[PDB]
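Undergrad: Below is one structure. I have some questions about it.
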Amino acid sequence: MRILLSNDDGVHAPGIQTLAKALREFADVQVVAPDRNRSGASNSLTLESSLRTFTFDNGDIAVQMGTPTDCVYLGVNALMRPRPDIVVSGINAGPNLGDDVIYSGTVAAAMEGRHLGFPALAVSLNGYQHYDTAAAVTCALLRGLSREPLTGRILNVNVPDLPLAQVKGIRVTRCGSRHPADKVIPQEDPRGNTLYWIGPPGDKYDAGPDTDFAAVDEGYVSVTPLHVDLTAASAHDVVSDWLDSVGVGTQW
Amino acid sequence: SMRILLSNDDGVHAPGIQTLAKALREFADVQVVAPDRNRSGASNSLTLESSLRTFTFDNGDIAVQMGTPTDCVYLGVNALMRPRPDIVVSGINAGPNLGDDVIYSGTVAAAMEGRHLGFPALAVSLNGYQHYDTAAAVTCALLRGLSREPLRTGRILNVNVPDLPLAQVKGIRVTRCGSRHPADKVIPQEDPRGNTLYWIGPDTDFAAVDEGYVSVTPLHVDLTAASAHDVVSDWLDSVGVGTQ
Ligand SMILES: [Mg+2]
Ligand SMILES: [Mg+2]
């Protein structure tokens, strides 16, 4: 099996390195990842710019200031030969759940993979410690794909930050929007300045049975068959009719 | 009358948001909640479990320190504007948000965060850096249009305004998002040191703007399919638990 492995956290990240080592047990892996951490950066293709690459002794390739999508696009069309069987993104440091999948770099890489024509998977750890757990989950998932090739959608995977033995299973999920347990909690700093803290005062619950949120709350691996489509083709007529009805733009 | 949460991507100081704010305060109740800095080229995720500091300006505008556009809208909608906003408006952005650019756009991200409100959210971008007055006039017309006849929610309108005087705007068209990406390729290049450097429709938003029309694209969040949910679940139960 041939894997194009990228991430959002960059080539030296523990998530991608833990995943790369576990995958090389059964698969041939090409890493093409950003040269540095990209979590805070936009995830679009860098158009009309000459991107420099760096090749390490182990074969990993770093794209200088490349986004996750740059890495997949350059990997597919220039850097990886022979071409990959599947594009993998992760393991991300932190969850990619609900509305955040629209904005996630980890997700964006997998999406670019699918747009280019390859099966694609994105993996995220809901925490900071148990990358081994997330690695084991990804390997088991990729085993299944080798045995039974699969949808023109990506698989968005979220893993609880727990030892592997405590993960209560794997669920096929839909995406939530924002978590009902998250709240705006007012805070003050030592200087008396106003601060706001977004999240749960206690445990995260009431998320909804089949959401990606709930699955992770209940200690389950969340798997979402995902395709970020923002278009609203059915709404075109209703907006047209509304503009004529109220006469918007007809008063200039 | 209307309660408008106004945010953007360019930050609280941007000429686009400042022009728009002034215009909207003529007929509406406006609260600015915007990033403390320009966020173009930054990611748009929600900042969870990390305290966000706010600055309040003399005029009542609120800046969120290291706040993403979604942080601003989330905070505005749920804490900073009371009673709750009827609508989120995001812009006026300096530069277009057309076609392939909309997914990663901070301007559109802010609107998307405000999509569950009483009115659909507006993301407004000027196709340039000059005629902010035009884009503000367009936004005002849209808002009044929603007052007279409310349009349904869970949705946003992505609005791109041509960088022209208002008298030169040819009209307003409902469009779809274009895509120039299925035409891109990779052309290698030679550095002076030697190393290789790699280089990457009539109803489209691009076309409307190019022809001097304001582009209005309805957007909706669609992520999953019920048939995909079934085909993955049966694919999972093919290879289950075990102890092997
Ligand atoms: Mg990251
Ligand atoms: Mg901007």
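Here's how to read the names in the structure tokens: chain A, B, ... by the order shown, residue numbers from 1 in each chain, ligand numbers from 1 in the order shown.
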Enumerate as a PyMOL selection string the residues belonging to chain B that approach chain A to within 7 Å, with only C-alpha atoms taken into account.

TA: chain B and resi 41-45+48-54+75+78-79+104+141-142+145+149+171-172+174+186+196-200+218-224+228-229+232-233+239

Undergrad: Could you list, as a list in words, all residues that come within 8 Å of ligand 2? Count only C-alpha atoms and all ligand atoms.

TA: residues 8, 9, 10, 38, 39, 40, 41, 93, 94, 95, 105, 106 and 107 of chain B

Undergrad: Can I get the residues close to ligand 1 as a ChimeraX atom specification, where close means within 9 Å and we count only C-alpha atoms and all ligand atoms?

TA: /A:7-10,37-40,90-95,104-106,124

Undergrad: Go ahead and write the residues just picked, C-alpha atoms, as a PDB file, in the first residue's frame.

TA:
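Saved to result12.pdb:
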```
ATOM      1  CA  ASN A   7      -0.495  17.127   8.190  1.00  0.00           C
ATOM      2  CA  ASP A   8      -1.168  20.648   9.433  1.00  0.00           C
ATOM      3  CA  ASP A   9       1.356  20.610  12.326  1.00  0.00           C
ATOM      4  CA  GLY A  10       4.387  20.217  10.038  1.00  0.00           C
ATOM      5  CA  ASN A  37       3.718  24.248  12.243  1.00  0.00           C
ATOM      6  CA  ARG A  38       0.766  25.589  10.212  1.00  0.00           C
ATOM      7  CA  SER A  39      -2.129  25.323  12.719  1.00  0.00           C
ATOM      8  CA  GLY A  40      -2.590  29.117  12.793  1.00  0.00           C
ATOM      9  CA  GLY A  90      -2.862  13.582  10.724  1.00  0.00           C
ATOM     10  CA  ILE A  91      -2.541  12.735  13.481  1.00  0.00           C
ATOM     11  CA  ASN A  92      -3.579  16.291  14.412  1.00  0.00           C
ATOM     12  CA  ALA A  93      -2.867  17.766  17.848  1.00  0.00           C
ATOM     13  CA  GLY A  94      -6.419  18.579  18.970  1.00  0.00           C
ATOM     14  CA  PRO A  95      -9.961  17.706  17.773  1.00  0.00           C
ATOM     15  CA  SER A 104      -9.435  22.510   9.543  1.00  0.00           C
ATOM     16  CA  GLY A 105      -6.053  22.195   7.816  1.00  0.00           C
ATOM     17  CA  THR A 106      -6.024  18.491   8.605  1.00  0.00           C
ATOM     18  CA  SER A 124      -7.220  14.001  14.987  1.00  0.00           C
TER      19      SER A 124
END
```

Undergrad: Out of region 124-222 of chain B, which residues get strand (DSSP E) from DSSP, as a ChimeraX atom specification?

TA: /B:124-127,156-162,171-174,187-190,196-199,213-222

Undergrad: Return the single residue from B:17, B:77, B:111, B:12 that is closest to residue 64 (chain B), with distances computed using only C-alpha atoms.

TA: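 Using only C-alpha atoms, the shortest distance to residue 64 (chain B) belongs to B:12.
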
Undergrad: Enumerate as a PyMOL selection string all residues of region 56-179 of chain A assigned to helix (DSSP H, G or I) by DSSP on the backbone, naming them with the chain letters and numbers the document uses.

TA: chain A and resi 68-79+98-102+105-116+131-147+164-166

Undergrad: Would you export the selected residues with N, CA and C atoms as a compact mmCIF listing (two decimals), in the first residue's frame, please?

TA:
```
# COMPACT_ATOMS: atom_id res chain seq x y z
N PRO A 68 -1.29 22.66 4.09
CA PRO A 68 -1.58 21.22 3.93
C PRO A 68 -2.03 20.84 2.53
N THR A 69 -2.76 21.75 1.88
CA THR A 69 -3.26 21.54 0.52
C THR A 69 -2.14 21.62 -0.52
N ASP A 70 -1.22 22.57 -0.33
CA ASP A 70 0.01 22.64 -1.12
C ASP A 70 0.75 21.32 -1.09
N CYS A 71 0.91 20.76 0.11
CA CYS A 71 1.64 19.51 0.30
C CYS A 71 1.02 18.33 -0.45
N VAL A 72 -0.30 18.21 -0.37
CA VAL A 72 -1.01 17.17 -1.10
C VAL A 72 -0.92 17.39 -2.62
N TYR A 73 -1.19 18.62 -3.06
CA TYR A 73 -1.15 18.96 -4.48
C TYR A 73 0.24 18.76 -5.09
N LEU A 74 1.27 19.22 -4.39
CA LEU A 74 2.65 19.04 -4.85
C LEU A 74 3.09 17.58 -4.77
N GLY A 75 2.65 16.88 -3.72
CA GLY A 75 2.93 15.46 -3.57
C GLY A 75 2.38 14.63 -4.72
N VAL A 76 1.13 14.91 -5.09
CA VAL A 76 0.42 14.17 -6.12
C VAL A 76 0.96 14.46 -7.53
N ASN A 77 1.16 15.74 -7.83
CA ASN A 77 1.47 16.17 -9.19
C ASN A 77 2.95 16.38 -9.49
N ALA A 78 3.81 16.30 -8.47
CA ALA A 78 5.24 16.51 -8.68
C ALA A 78 6.18 15.64 -7.84
N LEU A 79 5.83 15.40 -6.58
CA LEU A 79 6.79 14.91 -5.59
C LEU A 79 6.79 13.41 -5.31
N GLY A 98 -17.32 19.08 14.32
CA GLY A 98 -18.37 20.05 14.03
C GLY A 98 -17.99 21.04 12.95
N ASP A 99 -18.36 22.30 13.17
CA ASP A 99 -18.08 23.39 12.22
C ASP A 99 -16.60 23.56 11.90
N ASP A 100 -15.73 23.14 12.83
CA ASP A 100 -14.30 23.28 12.65
C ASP A 100 -13.74 22.50 11.46
N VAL A 101 -14.42 21.42 11.06
CA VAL A 101 -14.01 20.65 9.87
C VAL A 101 -14.00 21.51 8.61
N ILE A 102 -14.85 22.54 8.58
CA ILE A 102 -14.90 23.49 7.46
C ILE A 102 -13.61 24.31 7.42
N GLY A 105 -7.15 22.46 8.75
CA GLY A 105 -6.05 22.20 7.82
C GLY A 105 -5.87 20.71 7.59
N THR A 106 -6.08 19.95 8.66
CA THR A 106 -6.02 18.49 8.60
C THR A 106 -7.08 17.98 7.62
N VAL A 107 -8.29 18.51 7.73
CA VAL A 107 -9.38 18.14 6.81
C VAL A 107 -9.07 18.61 5.38
N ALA A 108 -8.62 19.86 5.24
CA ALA A 108 -8.32 20.44 3.93
C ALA A 108 -7.35 19.60 3.08
N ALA A 109 -6.35 19.01 3.73
CA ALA A 109 -5.37 18.15 3.05
C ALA A 109 -6.04 16.92 2.43
N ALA A 110 -6.89 16.27 3.22
CA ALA A 110 -7.65 15.11 2.78
C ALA A 110 -8.60 15.47 1.65
N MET A 111 -9.28 16.61 1.79
CA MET A 111 -10.16 17.15 0.75
C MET A 111 -9.44 17.34 -0.58
N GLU A 112 -8.24 17.91 -0.54
CA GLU A 112 -7.43 18.11 -1.74
C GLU A 112 -7.07 16.76 -2.38
N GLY A 113 -6.78 15.78 -1.53
CA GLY A 113 -6.58 14.40 -1.97
C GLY A 113 -7.77 13.85 -2.74
N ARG A 114 -8.97 14.03 -2.19
CA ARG A 114 -10.20 13.55 -2.83
C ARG A 114 -10.55 14.29 -4.12
N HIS A 115 -10.27 15.59 -4.14
CA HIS A 115 -10.48 16.41 -5.33
C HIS A 115 -9.58 15.96 -6.45
N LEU A 116 -8.36 15.56 -6.11
CA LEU A 116 -7.40 15.06 -7.08
C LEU A 116 -7.70 13.64 -7.57
N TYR A 131 -1.02 9.60 21.33
CA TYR A 131 -0.85 9.46 19.89
C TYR A 131 -0.82 7.99 19.45
N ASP A 132 -0.26 7.12 20.30
CA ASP A 132 -0.22 5.68 20.04
C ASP A 132 -1.62 5.13 19.79
N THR A 133 -2.57 5.56 20.62
CA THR A 133 -3.97 5.19 20.48
C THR A 133 -4.51 5.60 19.11
N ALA A 134 -4.28 6.85 18.73
CA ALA A 134 -4.73 7.35 17.43
C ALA A 134 -4.03 6.64 16.27
N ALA A 135 -2.76 6.30 16.46
CA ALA A 135 -1.99 5.56 15.46
C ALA A 135 -2.59 4.17 15.23
N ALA A 136 -2.91 3.48 16.32
CA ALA A 136 -3.48 2.14 16.26
C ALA A 136 -4.83 2.14 15.54
N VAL A 137 -5.64 3.16 15.83
CA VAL A 137 -6.95 3.32 15.21
C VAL A 137 -6.82 3.52 13.70
N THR A 138 -5.91 4.41 13.29
CA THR A 138 -5.67 4.69 11.87
C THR A 138 -5.20 3.44 11.11
N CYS A 139 -4.28 2.69 11.72
CA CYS A 139 -3.77 1.46 11.12
C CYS A 139 -4.89 0.44 10.88
N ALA A 140 -5.75 0.27 11.88
CA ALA A 140 -6.88 -0.65 11.78
C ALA A 140 -7.84 -0.23 10.68
N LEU A 141 -8.08 1.08 10.57
CA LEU A 141 -8.92 1.62 9.51
C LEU A 141 -8.31 1.39 8.12
N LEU A 142 -7.00 1.63 8.00
CA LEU A 142 -6.30 1.44 6.72
C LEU A 142 -6.18 -0.03 6.31
N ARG A 143 -6.14 -0.93 7.29
CA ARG A 143 -6.22 -2.37 7.06
C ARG A 143 -7.50 -2.71 6.29
N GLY A 144 -8.62 -2.20 6.80
CA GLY A 144 -9.93 -2.41 6.20
C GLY A 144 -10.01 -1.95 4.76
N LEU A 145 -9.37 -0.83 4.46
CA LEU A 145 -9.36 -0.28 3.10
C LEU A 145 -8.54 -1.13 2.14
N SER A 146 -7.47 -1.74 2.64
CA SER A 146 -6.65 -2.65 1.85
C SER A 146 -7.43 -3.93 1.54
N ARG A 147 -8.18 -4.42 2.53
CA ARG A 147 -9.00 -5.62 2.37
C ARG A 147 -10.27 -5.32 1.56
N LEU A 164 -5.25 3.08 24.62
CA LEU A 164 -5.98 2.32 23.59
C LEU A 164 -7.05 1.38 24.16
N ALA A 165 -6.74 0.76 25.30
CA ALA A 165 -7.63 -0.23 25.92
C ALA A 165 -8.95 0.35 26.42
N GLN A 166 -8.99 1.67 26.59
CA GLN A 166 -10.16 2.36 27.15
C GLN A 166 -11.10 2.94 26.10
```

Undergrad: Go through A:1, A:14, A:61, A:192 and flag the residue nearest residue 26 (chain A), using only C-alpha atoms for the distances.

TA: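 Using only C-alpha atoms, the shortest distance to residue 26 (chain A) belongs to A:1.
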
Undergrad: Might you pull out every residue within 9 Å of region 204-211 of chain B, with only C-alpha atoms counted and same-chain residues fewer than 6 positions away left off, and present them as a list in words?

TA: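 Using only C-alpha atoms, the neighbours found are residues 98, 99, 127, 160, 161, 162, 163, 170, 172, 173, 174, 175, 176, 177, 178, 179 and 217 of chain B.
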
Undergrad: Between A:214, A:22, A:181, A:120, which residue has the minimum interatomic distance to residue 202 (chain A), considering only C-alpha atoms?

TA: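 Of all the options, A:181 lies closest to residue 202 (chain A).
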
Undergrad: So how many Å separate CA of residue 91 (chain B) and CA of residue 119 (chain B), to one decimal?

TA: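 Straight-line distance from CA of residue 91 (chain B) to CA of residue 119 (chain B) works out to 16.5 Å.
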
Undergrad: What's the 6 Å shell around region 68-72 of chain B, counting only C-alpha atoms, without same-chain residues fewer than 4 positions away, as a list in words?

TA: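 Answer for this query is residues 9, 33, 34, 44, 46, 76, 110 and 113 of chain B.
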
Undergrad: Identify which of the residues A:62, A:27, A:216, A:87 lies closest to residue 13 (chain A), counting only C-alpha atoms when measuring atom-to-atom distances.

TA: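 Counting only C-alpha atoms, the residue closest to residue 13 (chain A) is A:62.
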
Undergrad: Quick one: residues within 8 Å of residue 66 (chain B), only C-alpha atoms counted, chain neighbours fewer than 4 positions away excluded, as a CSV table (one decimal) with N, CA, C and O atoms, in the first residue's frame?

TA:
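Saved file out.csv follows:
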```
chain,number,residue,atom,x,y,z
B,35,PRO,N,-11.6,41.2,15.1
B,35,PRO,CA,-10.2,40.8,15.6
B,35,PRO,C,-9.4,42.0,15.9
B,35,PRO,O,-9.5,43.0,15.2
B,36,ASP,N,-8.5,41.9,16.9
B,36,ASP,CA,-7.6,43.0,17.3
B,36,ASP,C,-6.5,43.3,16.2
B,36,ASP,O,-5.7,44.2,16.4
B,37,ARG,N,-6.5,42.5,15.2
B,37,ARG,CA,-5.5,42.6,14.1
B,37,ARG,C,-6.0,42.0,12.8
B,37,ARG,O,-7.1,41.4,12.8
B,52,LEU,N,-10.1,34.7,26.0
B,52,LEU,CA,-9.9,35.7,25.0
B,52,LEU,C,-10.1,37.1,25.6
B,52,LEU,O,-11.1,37.4,26.2
```

Undergrad: Please report the interatomic distance between CA of residue 144 (chain B) and CA of residue 22 (chain B) in Å with one decimal.

TA: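 Atom-to-atom, CA of residue 144 (chain B) to CA of residue 22 (chain B), that is 15.8 Å.
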
Undergrad: If you measure from CA of residue 135 (chain B) to CA of residue 201 (chain B), what distance in Å do you get, rounded to one decimal?

TA: 23.7 Å
